[PDB]
Amino acid sequence: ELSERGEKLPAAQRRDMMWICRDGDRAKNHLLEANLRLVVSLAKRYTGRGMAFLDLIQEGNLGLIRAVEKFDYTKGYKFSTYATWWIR
DNA sequence: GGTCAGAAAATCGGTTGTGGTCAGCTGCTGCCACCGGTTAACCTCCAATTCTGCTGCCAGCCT
């Protein structure tokens, strides 16, 4: 929203701004790769009726991505209790 | 002890007249079918035989 209409060159400030932008996505990817086992453990109980196993796991992956989008830390709860709703 | 206007038939066709009649939407109004988002104690790794060709493998003369 700033570079849409305004141009500035602080070199160190722009470098650390891009550093924040990169490492936020690094953090998000690390969180998803941490909770993949939760996704698999939830999806292992729906097998045998209708769909395959890995389709269920990838749908749980989409639900986990949405839960990471919707997560809030100010209420102060364990992440798995919030993410189980979106995965299911 | 014969010719000419009128009357009386269907006949082909235009008027017409209204009497419904059916649909063609047209709101419209309620409703109902369908799609999307959301839920905050915790609990984080699966259910037989026959034949031909190919590749992987190990000793072993040769340099």
# chains A, B, ... in the order shown; residues from 1 in each chain; ligands from 1
>>> closest_atom_pairs(of="chain A", to="chain B", cutoff="10 Å", atoms="only C-alpha atoms (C1' of nucleotides)", output="CSV")
residue,atom,partner,partner_atom,distance
A:34,CA,B:44,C1',8.2
A:35,CA,B:44,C1',6.5
A:36,CA,B:44,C1',7.7
A:37,CA,B:44,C1',4.9
A:38,CA,B:44,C1',4.2
A:39,CA,B:44,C1',7.9
A:40,CA,B:45,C1',7.4
A:41,CA,B:44,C1',7.1
A:42,CA,B:44,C1',9.2
A:44,CA,B:46,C1',7.8
A:47,CA,B:47,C1',9.6
A:48,CA,B:47,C1',9.5
A:53,CA,B:46,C1',8.9
A:71,CA,B:40,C1',9.4
A:72,CA,B:40,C1',9.0
A:75,CA,B:40,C1',7.6
A:76,CA,B:40,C1',8.6
A:77,CA,B:40,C1',6.6
A:78,CA,B:42,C1',8.3
A:79,CA,B:40,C1',8.8
A:80,CA,B:44,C1',8.3
A:81,CA,B:40,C1',6.8
A:82,CA,B:40,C1',5.4
A:83,CA,B:40,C1',9.1
A:84,CA,B:39,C1',10.0
A:85,CA,B:39,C1',6.6
A:86,CA,B:39,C1',8.7
>>> select_by_dssp(residues="chain A", states="alpha helix (DSSP H)", output="VMD selection string")
chain A and resid 11 to 43 54 to 70 79 to 87
>>> residues_around(residues="residue 32 (chain A)", least_positions_apart="4", cutoff="8 Å", atoms="only C-alpha atoms (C1' of nucleotides)", output="list in words")
residues 28, 36, 64, 65 and 68 of chain A
>>> atom_distance(atom1="CA of residue 21 (chain A)", atom2="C1' of residue 37 (chain B)")
28.4 Å
